[PDB]
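Next up, structure tokens for two forms of one chain, structure 1 and then structure 2.
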Structure 1
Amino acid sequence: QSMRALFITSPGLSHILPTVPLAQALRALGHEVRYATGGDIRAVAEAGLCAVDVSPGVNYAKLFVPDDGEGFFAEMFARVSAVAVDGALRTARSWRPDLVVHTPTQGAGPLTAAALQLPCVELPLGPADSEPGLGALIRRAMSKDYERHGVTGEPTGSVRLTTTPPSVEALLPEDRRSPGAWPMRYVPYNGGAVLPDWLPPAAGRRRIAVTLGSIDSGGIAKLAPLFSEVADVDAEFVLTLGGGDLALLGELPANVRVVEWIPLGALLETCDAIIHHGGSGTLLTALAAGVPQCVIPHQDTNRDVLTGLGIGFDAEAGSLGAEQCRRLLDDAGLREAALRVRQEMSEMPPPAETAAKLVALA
């Protein structure tokens, strides 16, 4: 009795990655998994899974922002989802899944689910993604697509998963939170790697991970002040580039490492604290690691989550220095709170457990 799960996701890397542990879990149970997506589809392949490119060649940039309230953005997500609908449906009809897994904004997901009269499972990337008015709006904005394929029905089942721990949930606004969602442990995934030599920690040697952000803080230069001080801090700093950005590395202070992309979860497992730019992937991964955090803001959400839980704080790039670093390293309060949420997350069912329930539902 081999079940089949079709994963229909937004084309964005950050939307795909958090679906991977679940997909992986279903396979571990002996079931069949396939993705129907476009865009950053290579990520699926790089996770040891199989994907069908439902929109080959399509330029996504110009779909999100063509050359020319809730309503505008629903229309945007609709345009983007639309180009995936045909391929999603072909694939479903030939592969015949028992279950559609999708991401909040990928409208092709529920469409496909309804069209094959299948239950669907919504997997968000984090506390932000969690907005169920939008799904409805996207469906509305995609009415012609539903019409074109004669989809007039509803998914039989509609399960929502959250990887958001209860205490973080508590701090979200009321309409922005999701009761009746199934809890699932957030298992960080960012890709595999051959791990560098320097990764293993040294004898009683602390370490601070520092992430980055494409554009505006954001950028390697805005980190110039913090650099003027890190020499005075009794810890190693590891600045990780993202995939895709290029760095020209010259002279550095004796305890700053600037480094090619590395899996964050692997990195944070050796770190005492993190300085980052508020990525939803970054926050939850860091929560999982039980590591105090500092956020350089541009996503007020994550700001409040941090201060709210007593897990960290926000700092302006141009003010960031030793003081903040020392606080992250030495403040017992921040530490205790971090470990507390880590504990909380670890009591949530792992993807394996959630996989089993899904098989039961399908």
Structure 2
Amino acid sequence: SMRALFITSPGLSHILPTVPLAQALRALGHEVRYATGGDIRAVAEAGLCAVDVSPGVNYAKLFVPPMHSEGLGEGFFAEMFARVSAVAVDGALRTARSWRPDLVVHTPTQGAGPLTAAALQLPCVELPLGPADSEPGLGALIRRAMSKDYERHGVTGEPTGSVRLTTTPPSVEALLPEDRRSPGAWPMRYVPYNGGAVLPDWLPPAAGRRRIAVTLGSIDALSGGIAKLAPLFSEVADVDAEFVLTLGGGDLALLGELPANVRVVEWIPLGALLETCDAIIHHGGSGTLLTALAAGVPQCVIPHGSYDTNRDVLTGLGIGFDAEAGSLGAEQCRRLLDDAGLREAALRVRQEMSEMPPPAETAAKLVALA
């Protein structure tokens, strides 16, 4: 059996899209082990095995410890990701030494991954969460910022191999800026993984009754973001459709009673939901976006520029459109459900995604590389 060590960022959304691959390898009769922290339990809930490389560590404190200030760039974030990776290094190394992998899989911001691969002279595989996760020269910079961590464990090497995986289909890829394109990367089909579930009664869709998923995302929902959707839900009663709202932690009490045609659930796997849905309104999460694409379903994105890159994609491909929360209502919903061009394009991209090699295939490719 080949042995694959998955060294990931502690965050749920970085972990989840690695599961298909891990799962795929186990399916080939090989061995998979994770080496992470934070939202590690998600690995266990996926039928896989994980080692906690940073027990007790408070990540929040770690992440967070200008007119004139320099270094308002990638360097700030590289530094930040280095501090977070730092607390995984020792753990990752002990595990790698005892468990002895043939291959390191890592996520782009997890600096412990290439460090470990370099230390043990193994190849590494970069597995990104999606299009957003393609910050230019991020990896090289994280490495630099971790110099002190490399030098302490006596690591002068570069890992053996450096494969980059991509789950982004070619047409989406084309619409990204040149410096965010990853050419020569191994394409792998995006296979939604959102968690396993005992599915509810109501999931199977009623006869001739259309359905719109509304998702806040696992993150922005707890900020106080449910408020955002108040205008929407003040007009949905007028819409000849069923709405499914996933809270993902958000406070219901912020708006309270919703119309009869709105169903509320805390969590449900997105892939499973969209299988039965006609359209989706969301926040612009990468995982949510790719999942929706995969489902071949029109999309509406409530943008928000605290920082997105997802406007030009939906527009460019013609699978969807953007809409400000304050001006979001029945009309957008109608457009989602009736606009033929949105559906065909959605379907078009889905087809493209299904032509990309599945994770099973990608796994076979790696097994030999190791």
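Take the two forms, superpose them, and find the largest set of C-alpha atoms that agree within 1.5 Å; that set is the rigid core. Sequence positions of structure 1, starting at 1, serve as the residue numbers.
> Once you align the rigid core, which of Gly150, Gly180, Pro173, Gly244 turns out to move its Cα at least 2 Å between the two structures?
Replying inline: Result of the superposition: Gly244 is the only one at 2 Å or more.
>> After core superposition, I'd like to know whether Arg160 moves between the two structures (criterion: C-alpha shift of 2 angstroms or more).
In response: It does not, since the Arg160 C-alpha is displaced less than 2 Å between the two structures after the core fit.
> Taking the rigid core as reference, does the Cα of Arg79 move 2 Å or more between the two structures?
Replying inline: No: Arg79 shifts by under 2 Å between the two structures.
>> So, superposing on the core, is the move of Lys222 at the CA at least 2 angstroms between the two structures?
In response: Comparing the forms between the two structures, which are aligned on their rigid core, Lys222 does shift its C-alpha by 2 Å or more.
> Taking the rigid core as the frame of reference, how far in Å is the Cα of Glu131 displaced between the two structures?
Replying inline: With the cores aligned, its C-alpha sits 2.6 Å away.
>> Given the rigid core as reference frame, how large is the C-alpha shift of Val233 between the two structures? Answer in angstrom.
In response: C-alpha displacement of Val233 between the two structures: 1.0 Å.
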